[PDB]
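Undergrad: This one's a deposited entry, sequence included:
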Amino acid sequence: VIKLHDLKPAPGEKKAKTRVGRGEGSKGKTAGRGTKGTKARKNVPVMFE
Amino acid sequence: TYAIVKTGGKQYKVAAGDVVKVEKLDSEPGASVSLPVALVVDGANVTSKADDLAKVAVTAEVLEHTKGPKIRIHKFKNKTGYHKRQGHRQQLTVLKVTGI
Amino acid sequence: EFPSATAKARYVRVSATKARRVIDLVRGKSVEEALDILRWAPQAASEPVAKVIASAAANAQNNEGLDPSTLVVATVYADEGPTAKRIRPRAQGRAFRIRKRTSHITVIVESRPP
Amino acid sequence: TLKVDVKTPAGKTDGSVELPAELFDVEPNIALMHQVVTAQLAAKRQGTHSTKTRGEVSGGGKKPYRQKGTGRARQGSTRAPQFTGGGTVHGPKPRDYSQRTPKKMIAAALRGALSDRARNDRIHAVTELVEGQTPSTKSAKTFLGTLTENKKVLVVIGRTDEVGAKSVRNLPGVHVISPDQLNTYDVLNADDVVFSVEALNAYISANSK
Amino acid sequence: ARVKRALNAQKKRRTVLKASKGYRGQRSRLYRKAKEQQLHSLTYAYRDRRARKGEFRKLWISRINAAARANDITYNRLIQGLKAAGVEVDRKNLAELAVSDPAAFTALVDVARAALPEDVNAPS
RNA sequence: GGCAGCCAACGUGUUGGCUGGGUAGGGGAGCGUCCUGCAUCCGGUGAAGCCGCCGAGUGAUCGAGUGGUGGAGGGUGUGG
RNA sequence: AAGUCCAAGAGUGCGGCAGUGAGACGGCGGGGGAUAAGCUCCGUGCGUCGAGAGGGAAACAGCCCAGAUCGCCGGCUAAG
RNA sequence: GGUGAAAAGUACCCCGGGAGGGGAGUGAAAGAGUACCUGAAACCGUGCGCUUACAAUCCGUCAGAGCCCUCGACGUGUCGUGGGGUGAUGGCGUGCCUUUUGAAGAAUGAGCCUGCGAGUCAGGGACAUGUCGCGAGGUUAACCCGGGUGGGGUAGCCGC
Ligand SMILES: [Mg+2]
Ligand SMILES: [Mg+2]
Ligand SMILES: [Mg+2]
Ligand SMILES: [Mg+2]
Ligand SMILES: [Mg+2]
Ligand SMILES: [Mg+2]
Ligand SMILES: [Mg+2]
Ligand SMILES: [Mg+2]
Ligand SMILES: [Mg+2]
Ligand SMILES: [Mg+2]
Ligand SMILES: [Mg+2]
Ligand SMILES: [Mg+2]
Ligand SMILES: [Mg+2]
Ligand SMILES: [Mg+2]
Ligand SMILES: [Mg+2]
Ligand SMILES: [Mg+2]
Ligand SMILES: [Mg+2]
Ligand SMILES: [Mg+2]
Ligand SMILES: [Mg+2]
Ligand SMILES: [Mg+2]
Ligand SMILES: [Mg+2]
Ligand SMILES: [Mg+2]
Ligand SMILES: [Mg+2]
Ligand SMILES: [Mg+2]
Ligand SMILES: [Mg+2]
Ligand SMILES: [Mg+2]
Ligand SMILES: [Mg+2]
Ligand SMILES: [Mg+2]
Ligand SMILES: [Mg+2]
Ligand SMILES: [Mg+2]
Ligand SMILES: [Mg+2]
Ligand SMILES: [Mg+2]
Ligand SMILES: [Mg+2]
Ligand SMILES: [Mg+2]
Ligand SMILES: [Mg+2]
Ligand SMILES: [Mg+2]
Ligand SMILES: [Mg+2]
Ligand SMILES: [Mg+2]
Ligand SMILES: [Mg+2]
Ligand SMILES: [Mg+2]
Ligand SMILES: [Mg+2]
Ligand SMILES: [Mg+2]
Ligand SMILES: [Mg+2]
Ligand SMILES: [Mg+2]
Ligand SMILES: [Mg+2]
Ligand SMILES: [Mg+2]
Ligand SMILES: [Mg+2]
Ligand SMILES: [Mg+2]
Ligand SMILES: [Mg+2]
Ligand SMILES: [Mg+2]
Ligand SMILES: [Mg+2]
Ligand SMILES: [Mg+2]
Ligand SMILES: [Mg+2]
Ligand SMILES: [Mg+2]
Ligand SMILES: [Mg+2]
Ligand SMILES: [Mg+2]
Ligand SMILES: [Mg+2]
Ligand SMILES: [Mg+2]
Ligand SMILES: [Mg+2]
Ligand SMILES: [Mg+2]
Ligand SMILES: [Mg+2]
Ligand SMILES: [Mg+2]
Ligand SMILES: [Mg+2]
Ligand SMILES: [Mg+2]
Ligand SMILES: [Mg+2]
C-alpha cells in the first residue's frame, strides 16, 4: 500500500541547482565570470561583432 | 638481552615485555606474530652476521588495534583562493613482545 | 574558609578605572586600616569605596554578628556600569562624543583570626 | 477484476461490484504519481509572499551626501540593499505555483493509486454510511469501524448525499470527497477507500466509454 | 522563508577559536585574526611534519658521528663498513646503541672496520 | 600502512595495474541553516538556545554521548 | 616498419559551458638602439614563472635539481 | 516590544545624606527585583596555576628541559599504549584580500565584535541535456462545471 511518503522522483530526474558565489569551494568571488571587462558585469548582444 | 625487530618498514629496539605501536598487522587481537631481527645483543656479545640473524625471530602478541593521532591538513596558497582541507588517522597495532 | 559579609554599590557615578586606582590601595587590609587610608587619601573616588567598605563591615556587625576588629577586606573590585553618551560641539561644525561612565564596587570582608 | 461486496449498515451485504481491470488493476508508477501529487500540492500553494525592492521602500530619493571629499563610502541612497531599512535584493514576490500536467498523466496516476488500493483489498462498497433522515457520527463511526481498523479512510460519496457526509465529517481520520473530484493525493493518504454503490458506479461509468 | 544565518555561522567560529587557544595577542580572541593564524599554523604543521623525519635523521647522524669518533673511526667510513658487512641497522637504533650501551656500539665499530678495504683510497 | 580517480580480470565485490600540484574555468558528489507534505520518535521526570567535558568523521562538520545554565518546543526518515 | 597501448588519459567530427585576448625572465636565431638598458619588437613540439609546493644559489617569481594523495622518530640518491 | 501564573512589586531591621546594598520575607524560581524571559561575542575586572627583567619575536609550527593537575598500575614514589596546562631552549618561518609580469610589500581595503548585505523571478519565450506520459501522433488556449489540487473545452501549435 503506497502512501504519500513512499513517493520518490525517478532516478536522474532532479538535479541540484548550482548556487554560485557562495564560497571558494565551488564558484566564488567571480561566479564563473573571470576578471573585468564588459562581460564581467553585463552581457554582449548576439548581433554584435 | 634485547633485539631490534623489523616490521612495517621500520626497526624497533625491543626487550621481553616491551610494548610497541607498529603499523597495521593482519592478526586478530590475541594472536602471536613472529618478526625478523636486524640485531641481537646478549649481554656483551651481538649477533650481526646475516645468516644467524635469520635464525632468530621475535615472538610477540597483538594486544589491540589503535588509531594514531588525528592529523588535520589545510593546504592553502595565498592570493589564489586555494584551500584544501582533509584529515588523517593512522591505523596501528600494539605488540607486547614475549620472546626473543 | 572564613565567615564573610558582602556589600555592593552599583551605578556609582565614578569611572571604574578611577575607582580601581584607590581600590588598589586598600585590598587585603583590615577594615579600620582601609578606612583610615581612604580617609586621608587625596582622590575623590575614596568617598564611594570607603562607604562600601564600611557598609560591608556593618553587615558583619548586624547579620553575621561577628567581631568588628577581625574584619579584613578580602576581595574588592570595581566593575564597569552603564555609560551615558553626550556630545561636545567642536570647531567648524564637528561634534565629538563624551562618555559619562559609572561603576559597581563589590566588597567581601572576612572575620579572620588574629 | 476484483469483486467487492457491498455492505449495508445493518451488518449485512447486498451484492457485489465488478472492478474493471483497465481501471483498478493498473501497475503503479511511482515516478508518475510523484509528479502528479507534487503538481497538486504546487497548485495548493498560496504564493502570497512579498517584499519591497530598492525602489519600493519609503524615501531614498536624495543622494545622502556629496559623492567626493567626505572620506566616506560612496552611497547613492539610504534605501540601498546594504542599508538597514533598505530594499531587499532578490526577495520573494507573489507567485502562481500551479503547473499543468497532461490530462492522461493525472488520469493514470488516479488509476494506479486506486489499483494499488485494490490489490491489497483496501476498497469497500457500502449502500450508505448511515440510515437516513438524520446524521449520526456515533453509528456511522461504529459501522466504519467494522469496515476497517486503519486510521485514514477516504469516503467517496455522491454530492447529493448530505446525511451521509454529515455523519462522517467529524471523525478525526476521515476525509470526504466526491467521485468526480477523485485525485491521487487523497487516495494515497487513505489506508482504505470506502465507496458507496452510487459513487463507485459513478466513477466506473465516467470511465466506461 | 527567511533564515537567520546565525546558527550556522557560529559553528566554524567556535571551531577556529577553540583551535586558537594559547595564541598570544588578539590571534586567540578574534575569529578573523585567529583564522588568519590557523592558515599559517596548519601549513607550518604540514611543513614541519615533513621535515621532522630529516631533523631526527640529522640528530641521529650527529650522535653516531660523535660516538664513532670516540671509537676512533669516521662516520662515513663507519656506515660504509656496516654496509659492506651486511649489518643493516638503521641510524635511529644505531643512535640508541650509541647512547644507551656503548659496548655494543664498540663491537659494531669493530665489525665495520673488519669488513672494510685494506685501502679505502685504492682505485677500486 | 590508509584513501581516492580511470580501467581490466574473474566475476558481481573483490583484486590488480596506472594515476591523484594547480589560478581563470568546466564537470561530479556532498555538509550545515530555515519553511513544509507524509511517516515515526523525544520533551516540565525539562525542548530550543548558550557554556563546557569527553570523544568522532576524508572535508564542510557531528555527537537520540554527557554535565551546567535554561523554561516549551524539538529530532529522524523520505519527498517539496 | 615498429614502439607506447589495464595509457598517452593521445587524434578527429558534432554539440553544451567557458575563461583568455596587459604576459615575465632565461637559452638559441634576429630587427630597432651605441651590435646600451632589469629597453623594445619578432622566431623556437625551447624551458621555467604565471598557475609550482619541496632541495641548492647567504637572502633572492623566471637559474640548477625535482613535479606535493595522506601518515611513519626507516633506507637510497639529484643539484649542491 | 518580552517581570511573574498571579504584583504576591520586597512589611520590618541594619550601613549610607540619598543612590545602592545586607538580613528578613514573596514567589516554583529573585542565576525572574518594575536597570526585570533566554543573556552569546567584542570590551572590562578579580582570584589561582605555569612563565617572564643580556634580550632583536608575521608572534606560529616542529623538537623540548623544568613545574602544576588528572587517570591507571604496582605500591607507598616510579612507570604508563596515558591525557591536560605553561613553557626555558633549539630548527624552520615575509599577514589576509583585491589587482598584477611580479606585492610581506613602503600598491588597495579592513579598529573590534554581533546582526544585516550580492546570479533571483515572470514567460505554452529560445537552444541543449536529464526524467516522465502518450506515440505517427502529441497537446489544448481563452473558457465552462467543481468551497480543491478534479472534469470537460479542437480554436489553434508542433510532427507528418
Ligand atoms: Mg526554480
Ligand atoms: Mg574572496
Ligand atoms: Mg561561465
Ligand atoms: Mg573584481
Ligand atoms: Mg584585464
Ligand atoms: Mg571577460
Ligand atoms: Mg536586444
Ligand atoms: Mg605569490
Ligand atoms: Mg596570485
Ligand atoms: Mg577563486
Ligand atoms: Mg576622602
Ligand atoms: Mg557653529
Ligand atoms: Mg569625533
Ligand atoms: Mg525613489
Ligand atoms: Mg579615513
Ligand atoms: Mg543616482
Ligand atoms: Mg524594511
Ligand atoms: Mg484541466
Ligand atoms: Mg602557549
Ligand atoms: Mg584501486
Ligand atoms: Mg588535483
Ligand atoms: Mg603527483
Ligand atoms: Mg576554480
Ligand atoms: Mg540541526
Ligand atoms: Mg520533513
Ligand atoms: Mg509526546
Ligand atoms: Mg516544574
Ligand atoms: Mg525552530
Ligand atoms: Mg538542569
Ligand atoms: Mg541543554
Ligand atoms: Mg531538499
Ligand atoms: Mg608509444
Ligand atoms: Mg595519465
Ligand atoms: Mg586531453
Ligand atoms: Mg585587446
Ligand atoms: Mg596583447
Ligand atoms: Mg609575449
Ligand atoms: Mg621587459
Ligand atoms: Mg637575444
Ligand atoms: Mg630592434
Ligand atoms: Mg626586457
Ligand atoms: Mg623568447
Ligand atoms: Mg594573472
Ligand atoms: Mg619553487
Ligand atoms: Mg609550470
Ligand atoms: Mg639543464
Ligand atoms: Mg647515502
Ligand atoms: Mg654529485
Ligand atoms: Mg520562599
Ligand atoms: Mg529559572
Ligand atoms: Mg540590561
Ligand atoms: Mg535577564
Ligand atoms: Mg634571563
Ligand atoms: Mg639575527
Ligand atoms: Mg620557536
Ligand atoms: Mg626565523
Ligand atoms: Mg590599480
Ligand atoms: Mg596590482
Ligand atoms: Mg606595474
Ligand atoms: Mg598594506
Ligand atoms: Mg609596512
Ligand atoms: Mg589602484
Ligand atoms: Mg586604511
Ligand atoms: Mg545592513
Ligand atoms: Mg523561466
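TA: On my side now, so go ahead. Residues are numbered from 1 along each chain as shown, chains lettered A, B, ... in the order given. Ligands and ions are numbered 1, 2, ... in the order given.

Undergrad: What are the boundaries of the helices in chain E?
TA: E:6-19, E:31-70, E:75-85, E:91-99, E:102-114 (DSSP state H).

Undergrad: so does the fourth one get close to RNA strand H?
TA: What it means is helix E:91-99. No - using Cβ under 7 Å from any atom of the strand, helix E:91-99 stays clear of RNA strand H, coming no nearer than 13.0 Å. Yep, even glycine has a C-beta here, placed from its N, CA and C like the rest.

Undergrad: In a helix, residue A:32, correct?
TA: No - Residue A:32: not assigned to a helix; according to DSSP: H, G, I helix; E, B strand; the rest coil it is coil.

Undergrad: So the closest residue to it other than its chain neighbours, which state does it fall into?
TA: Leaving aside its chain neighbours, residue A:32 sits nearest to residue A:20 (6.2 Å; criterion: Cβ to Cβ, 6 or more residues apart in numbering or on different chains). The three-state label given to residue A:20 by three-state DSSP is coil.

Undergrad: contacting residues around residue A:20?
TA: Each residue near residue A:20 by Cβ atoms under 8 Å, 6 or more residues apart in numbering or on different chains is listed here: A:26, A:27, A:31, A:32.

Undergrad: Of those, which is the nearest to residue D:64?
TA: Set against residue D:64, the nearest of those by Cβ to Cβ is residue A:31 (29.0 Å).

Undergrad: right, and that closest one touches residue A:24 too?
TA: No - counting by Cβ atoms under 8 Å, residue A:31 does not reach residue A:24; the two are 11.4 Å apart.

Undergrad: got the residues of chain A near ligand 6?
TA: Residues of chain A lying close to ligand 6 by Cβ under 5 Å from the ion are A:37, A:39.

Undergrad: Could you rerun that using 6 Å?
TA: For chain A, the contact set with ligand 6 under Cβ under 6 Å from the ion comprises A:34, A:37, A:39, A:40.

Undergrad: Excluding residues flanking it in the chain, which one is nearest the first one?
TA: Right, the one you point to is residue A:34. Nearest residue to residue A:34, sequence neighbours excluded (Cβ to Cβ, 6+ apart): residue A:40, at 6.9 Å.

Undergrad: What residues does the closest residue to residue C:48 other than its chain neighbours make contact with?
TA: Closest residue in space to residue C:48, ignoring its immediate chain neighbours: residue C:12 at 4.7 Å, by Cβ to Cβ, 6+ apart. Contacts for residue C:12 (Cβ under 8 Å, 6+ apart) come out as C:19, C:48, C:81, C:102, C:103, C:104, C:105.

Undergrad: Would you mind measuring from the closest residue to the fourth one other than its chain neighbours to residue D:51?
TA: Right, residue C:102. With sequence-adjacent residues excluded and distances taken as Cβ to Cβ, 6+ apart, residue C:102 is closest to residue C:81, at 3.5 Å. According to Cβ to Cβ, to the nearest Å, residue C:81 stands 41 Å off from residue D:51.

Undergrad: Kindly report the same for residue E:22.
TA: Residue E:22 is 46 Å from residue D:51, where distance means Cβ to Cβ.

Undergrad: higher neighbour count, the two?
TA: Relative neighbour count places residue D:51 above the other of residue E:22 and residue D:51, with 14 against 7, counting by other Cβ atoms under 10 Å in any protein chain shown.

Undergrad: what helix or strand is the closest residue to that one other than its chain neighbours on?
TA: Of all residues not flanking residue D:51 in the chain, residue D:91 sits nearest, at 3.5 Å (Cβ to Cβ, 6+ apart). If you go by DSSP states H and E, residue D:91 is not part of any helix or strand.
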